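Student: Structure of the sequence below:
(chains A, B, C and D, ligands or ions: 8)
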Number of protein chains: 4
Amino acid sequence: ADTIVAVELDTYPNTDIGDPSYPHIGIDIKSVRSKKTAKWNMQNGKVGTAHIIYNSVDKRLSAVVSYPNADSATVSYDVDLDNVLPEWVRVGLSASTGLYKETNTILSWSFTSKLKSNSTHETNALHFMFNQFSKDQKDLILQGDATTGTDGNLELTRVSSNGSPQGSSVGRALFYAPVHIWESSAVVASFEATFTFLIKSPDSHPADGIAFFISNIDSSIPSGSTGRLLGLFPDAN
Amino acid sequence: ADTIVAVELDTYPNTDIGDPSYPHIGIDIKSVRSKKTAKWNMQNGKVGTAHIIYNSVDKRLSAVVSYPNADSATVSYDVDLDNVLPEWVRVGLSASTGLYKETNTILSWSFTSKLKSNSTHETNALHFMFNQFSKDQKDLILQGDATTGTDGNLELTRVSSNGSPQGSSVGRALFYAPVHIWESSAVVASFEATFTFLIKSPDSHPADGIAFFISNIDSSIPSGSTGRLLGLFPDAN
Amino acid sequence: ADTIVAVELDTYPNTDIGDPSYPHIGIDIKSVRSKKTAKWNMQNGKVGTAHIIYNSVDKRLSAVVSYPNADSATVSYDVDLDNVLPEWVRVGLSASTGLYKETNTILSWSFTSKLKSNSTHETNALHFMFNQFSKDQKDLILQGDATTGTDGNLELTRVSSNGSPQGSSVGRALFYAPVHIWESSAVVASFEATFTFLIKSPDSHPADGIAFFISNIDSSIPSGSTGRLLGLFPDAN
Amino acid sequence: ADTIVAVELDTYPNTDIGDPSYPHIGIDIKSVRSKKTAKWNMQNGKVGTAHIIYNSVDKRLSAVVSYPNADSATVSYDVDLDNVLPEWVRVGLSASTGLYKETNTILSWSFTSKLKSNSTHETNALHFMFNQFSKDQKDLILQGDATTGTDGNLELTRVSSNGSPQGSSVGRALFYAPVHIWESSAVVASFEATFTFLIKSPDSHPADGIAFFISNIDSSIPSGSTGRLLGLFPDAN
Ligand SMILES: [Ca+2]
Ligand SMILES: [Ca+2]
Ligand SMILES: [Ca+2]
Ligand SMILES: [Ca+2]
Ligand SMILES: [Mn+2]
Ligand SMILES: [Mn+2]
Ligand SMILES: [Mn+2]
Ligand SMILES: [Mn+2]
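Tutor: Numbering: from 1, shown residues only, chains lettered A, B, ... in the order given. Ligands and ions are numbered 1, 2, ... in the order given. Shown next is the structure:
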C-alpha cells in the first residue's frame, strides 16, 4: 500500500473512526485516524486558507486554517518525517464526497521545500505557486474526478455545470516533479504549503473534506476511498 | 524536429557555422548559428557563473557570464519567445565534446518562472535550485552521457574516474516538470536561470561548450549532435 | 532639488504639461513631463494592480497596470538608471488631489532589488511585501497627508471618516531602509515593484493619480506639489 | 536596559557564568547565561555557516552551525518571542574579543521575516541578503568597532591592516529597517537567519564569539560588554 502523511480539513464527523463530533483539522500519519485534531469552525460557501509547516530540526508538523473575519484553528504533532516518508515523495491535494457532498474547490496552492547542506553553497529548493489553473495543467497529475480550468480553479471532486457538487466523488492533484525531503548532507530540511479552498454545499451537513498530502512518488487513489477516507486510505485502520 | 531556444557558452570557434574566432556567449533561436554573440574570455579550470533573464514585456533574451576577479561577457537579442516556443516547455542544460574535449561540470543550477495575471491574486511561479546533485536525482531527466553525484556535481559529458574528460560525448539534464511560459490571462511572464560550471581540459583548445536550453517537453538528444552542435541541433542549418 | 524616477498612474489629463487627453501610465525621469505614456482605462472604484520592472543589462524601465476582467496598459522607456539615480536611493509611493479629488488607497505593496556580483556567492537582495498596513508602520516614512491602519490600508491622500476623499492633498510613503541599486562588482542589477490600489471619486473626473518612485534617500514632498505634480516635482519643467 | 534574544557561537568557555567547558552554540533570552547550549567543534580559520529558525505556532527558537566536511551542532529552546520581544525589533550581529582574541568576520548574512494574516491576501514579508559588504553600507547601523568593505566583508571586531585581530574589541551591525515580528491579525509569524563567518586567531584559545540578535529598535552596545558579554549584555546576571 501507499505511504501517506496528510493534514485533513475534515468537514464531516465520522465518530466510529475517531473523528471528534465537529468539523476539525487533523494530522494523518499513515492512517485516516488523525494522530491529533482541533475543532474547525468550517463556513459553508466561504473562501478559506490552510498553511502547513515542518522542519527536520524541530520534527513538528503544524497546520493553521482560517477565514477572513474569523479566528484560526491550529494543530501540531511531533513526528520525524525521515522515519515515515521515503527520501523522494510527491505532494498533493485530495478531496472526497460520499452520500453527503460539497464542492472541493482550490483557488490557489503553493509549496516550498528547502534542503540546506553544510557546503558553503547551502540551499537546494523547490517552489511552486498556482493562483490560476488551466484546462490542461501539465505540471499536475490529476487522479480520479479532479479537473482544472473551471473559473481558473482546481475542482478536486465532481461538480455539474450548474455548479452543484456530486456525491460519491474522489479526486487528487499531485505536483508532477518528485520532491527531495531528505538528503545525506542536509543540516536543515523544511517545507511550507498553502492552499485557499471553497467548500460549498446546498446541505446543512457537507462531506467529506480536503487534505494536503505527501506520498510515495507512485501514489494512486486507493480503491473505495470516497467519503470518510478522503482519497488517501484504502480502509480506516 | 525539436524546437530549441538556448544561451551557448561556446568554448571552440567553428568559423564555418558562423562562430567568431574566439570562445563566445551566444543566443540560439532554433539554430546553432547564434543570432548574436559576444567575446568570452573562458578560463580553463576556473569556476564560472552564467545568468539568463527574459520578460514578455521587453521581449529580450539576455545573458551574462563571469568568473571571480574577471570582467563579465554579456549578450542580448530581441525575440518574442511566445512566437518561438510552445505554451509548455522543459528547461535544460546541454554539453558536448568532439575530437577536442573538456569537463562540462555543473556545480549549481537555479531557474525561476513567474506568470502575473490581471487577477488580484496575480502570481503563478516555478522555482528550483540545485547546489548539490545526488547519484539518483529523480527531478532531472538525464539524456545521453549526463550523470549526477560525482563530488555532488552534474557531469553533462563523460569523465573517467581519473577526472579526465572524454571526447565524442553528449549529455543533457532537463527539469522533470513542464514549465508554463505563456498563459492567456498573463500580463507579465518572466524567467531567470543561473548555473555555475567548471570547464577544465588538459589541452590548450577545449571543446565544445555548455548551453542552457528551453524546448518542446518531449525534446531528446538529436542523432549526431556531439561536438559543435552542443546536443541541441541535428545539423548546422 | 530631489532626483526623481517614477511610474505615474495619472488619472487627470493636464494637456499644457504634455499629458495626453485621457488617463494614462507614464515613465517620469526627473520631470512630471513623462518621457513615454500609454492610454489607461482607469475604473473609478475598482481595485487595480501595477507592476514595475527594470534591469541594468537591458536598461529598460517597464510598467503594466490592469484590473480584473480588463485588458492591461503597458509602457516602456530605455533609460540607464545608473546615469540618473545615485548608488543609494529610497523607494516610495506618492499621490495627490487638487480641485478634482479621488481616494489614493494602497491595499498592498512589494519591492524586490537584486545585485548579482561576479563572486561565486553572487546575490545581494532586498525584498518587502505589505498586504496589511498598521496605524504605526515603523518600516515606512510617511510624508505630508499619508496615513496607515484604516481598514489595514495605506491612504496616501486625506480621506474623511465618511470615506470621502479631500482635495488639495499630497502624501507619500517611503520604505525606511535605503536600497542599493548600483554596486561596483554587480554584473546584473534588477528590481520589481507591485502595488494594488483603489482610486474612488464621487466625481466623473478624479484627480490626480498615484506614482511608484525612486529618489535620493533624503527626498521630501516639494513645496506646492499637490494636484498635477503628484507630490514628486516642485514645478512642471 | 535593552531587551535581547540571541543565538551565540561562544568560542571561549567562561564556566563561572554557566558556559560549558568547550566552545558551544547557545540560546540567550535576556541573559548571557544561555537557556540551552550544545557542544561546538569550532575550527580556527575555517568558514562556517549558522542557520536560525523560529515560528509563532511551534514557539521554538532553533539554530544549526556547521563547516564543510564536518558534522553540525544544533540547539533548540521552547520560547514564545511575543512574550519576550516588543512588536517591533531590529535584528543584528554582535561580536567581541577580550584578553583572548579572534577575527569576527562575516562573509554573508540573510534574514527572512513573514507574517501570514487571515486575509485572503495573507503574506507580509521582509528579506535581506548580503554576500558583499561595501565601505559605506547605508542599510546597516554599525556600532562600536564594526566596519564594512575589507575584502567585501563585515568585520564586527577590530582587525589591523596585517589582518591580525585586536583584543578588548566590541562591534555590532543592525539592519536599518525595524522588523515587525508580531501583528494582531497574524495567524503564522516566522523568521529565518543565515550568516557565514570566519573566526581566525593566531592563538590556541580564541575569544569571545559571534551572536545573531533581536532587540528593541533603539538597542546600543552596553557599557563594558567586551569579552564574555558579546556586545549584548551590560553584566552576566
Ligand atoms: Ca470525517
Ligand atoms: Ca563552436
Ligand atoms: Ca495629470
Ligand atoms: Ca563565553
Ligand atoms: Mn477526521
Ligand atoms: Mn557558437
Ligand atoms: Mn501625466
Ligand atoms: Mn556561552
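Student: mind checking how far the residue nearest in space to the middle of chain A is from residue A:2?
Tutor: Against the mean C-alpha coordinate of chain A, by CA atoms, centre = their mean, the closest residue is residue A:212 at 1.3 Å. The spacing between residue A:212 and residue A:2, counted by CB to CB, to the nearest Å, is 15 Å. C-beta: built from backbone N, CA, C; applies to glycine.
Student: quick one on the thing from earlier: the residue nearest to the centre of chain A and residue A:91 touch, don't they?
Tutor: Yes - proximity of residue A:212 to residue A:91 meets the contact threshold set by CB atoms under 8 Å, at 7.4 Å.
Student: hey, what's the closest residue to residue A:193 other than its chain neighbours bridged with?
Tutor: Once flanking residues are discounted, residue A:193 sits nearest to residue A:52: 4.3 Å by CB to CB, 6 or more residues apart in numbering or on different chains. Using DSSP bridges, the bridge partners assigned to residue A:52 are residue A:63, residue A:193.
Student: Doesn't the residue nearest to the centre of chain A belong to a strand?
Tutor: Yes - the assignment for residue A:212 is a strand, going by DSSP: H, G, I helix; E, B strand; the rest coil.
Student: Report the contact partners of it.
Tutor: By CB atoms under 8 Å, 6 or more residues apart in numbering or on different chains, the residues touching residue A:212 are A:6-7, A:50, A:52, A:63, A:91-93, A:193, A:195.
Student: Need the max-distance pair from those.
Tutor: A:63 and A:92 (15.3 Å; CB to CB).
Student: any idea how far chain B is from the residue of chain A found nearest ligand 3?
Tutor: Residue nearest to ligand 3 within chain A: residue A:131 (32.8 Å; CB to the ion). Distance of residue A:131 to chain B, computed by CB to the nearest CB, to the nearest Å: 4 Å.
Student: what number of residues lie near residue A:112?
Tutor: Applying other CB atoms under 10 Å in any protein chain shown, we find 16 other residues in the vicinity of residue A:112.
Student: mind checking which helix or strand it is in?
Tutor: Here residue A:112 sits within strand A:105-117, counting by DSSP states H and E.
Student: Report the buried residues of that strand.
Tutor: Applying a neighbour-count criterion of 16 or more other CB atoms under 10 Å in any protein chain shown, one finds A:105-117 buried in strand A:105-117.
Student: next structured bit after that strand?
Tutor: That would be, after strand A:105-117 and using DSSP H and E, strand A:123-130.
Student: Can you tell me which helices and strands that following strand packs against?
Tutor: Applying 3 or more CB pairs under 8 Å, 6 or more residues apart in numbering or on different chains; DSSP states H and E, one finds that strand A:123-130 contacts strand A:105-117, strand A:179-180, strand B:123-130.
Student: The first one and chain C, are they touching?
Tutor: Same thing as strand A:105-117. No - judged by CB under 8 Å from any CB of the partner chain, strand A:105-117 and chain C are separated, with a smallest distance of 13.4 Å.
Student: Quickly run through the sheet partners of that strand, with directions.
Tutor: strand A:123-130 (antiparallel), strand A:153-155 (antiparallel), strand A:186-198 (antiparallel).
Student: Pick the most buried one from these.
Tutor: Ranked by mean neighbour count, those are led by strand A:153-155 with a mean of 24 (mean count of other CB atoms under 10 Å in any protein chain shown).
Student: Downstream of that strand, the next helix or strand is which one?
Tutor: Sequence-wise, the next helix or strand downstream of strand A:153-155 (DSSP H and E) is strand A:170-175.
Student: So for ligand 1, which of the strands paired with strand A:105-117 sits nearest?
Tutor: Of all the strands paired with strand A:105-117, strand A:186-198 comes closest under CB to the ion, at 15.8 Å.
Student: okay, and the common contacts of residue A:212 and residue A:91?
Tutor: Common contacts of residue A:212 and residue A:91 (CB under 8 Å, 6+ apart): residue A:193.
Student: re earlier: turn the contacts of residue A:212 into CSV, columns for distance to residue D:162.
Tutor: Listed next are the contacts of residue A:212 as CSV, based on distance: CB to CB, whole Å:
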residue, distance to residue D:162
A:6, 60
A:7, 57
A:50, 57
A:52, 52
A:63, 55
A:91, 53
A:92, 59
A:93, 60
A:193, 52
A:195, 57
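Student: With chain B in mind, check whether the helix or strand residue A:93 falls within reaches it.
Tutor: Secondary structure assignment for residue A:93, by DSSP H and E: strand A:88-96. Yes - using CB under 8 Å from any CB, strand A:88-96 reaches chain B at residue A:88.
Student: Neighbouring strands of that strand in the sheet, and parallel or not?
Tutor: As defined by DSSP bridges, the strand partners of strand A:88-96 come to strand A:170-175 (antiparallel), strand A:179-180 (antiparallel), strand A:209-215 (antiparallel).
Student: and those strands as TSV, adding distance to residue A:87?
Tutor: Formatted as TSV, the strands paired with strand A:88-96 follow (distance: least, CB to CB, whole Å):
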stretch	distance to residue A:87
strand A:170-175	17
strand A:179-180	7
strand A:209-215	12
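Student: Out of these, which is closest to residue D:71?
Tutor: Closest of these to residue D:71 is strand A:179-180, at 21.0 Å (criterion: CB to CB).
Student: roughly how far is that closest one from the heart of the chain?
Tutor: 17 Å (CA atoms, centre = their mean, to the nearest Å).
Student: Show me the contact partners of that strand.
Tutor: Contacts of strand A:179-180 with the rest of the structure, by CB under 8 Å, 6+ apart, involve A:87-91, A:111, A:113, A:115, A:124, A:126, A:191, A:214, B:134, B:138-139.
Student: what about 6 Å?
Tutor: Strand A:179-180 has contacts (CB atoms under 6 Å, 6 or more residues apart in numbering or on different chains) with A:89, A:91, A:113, A:126.
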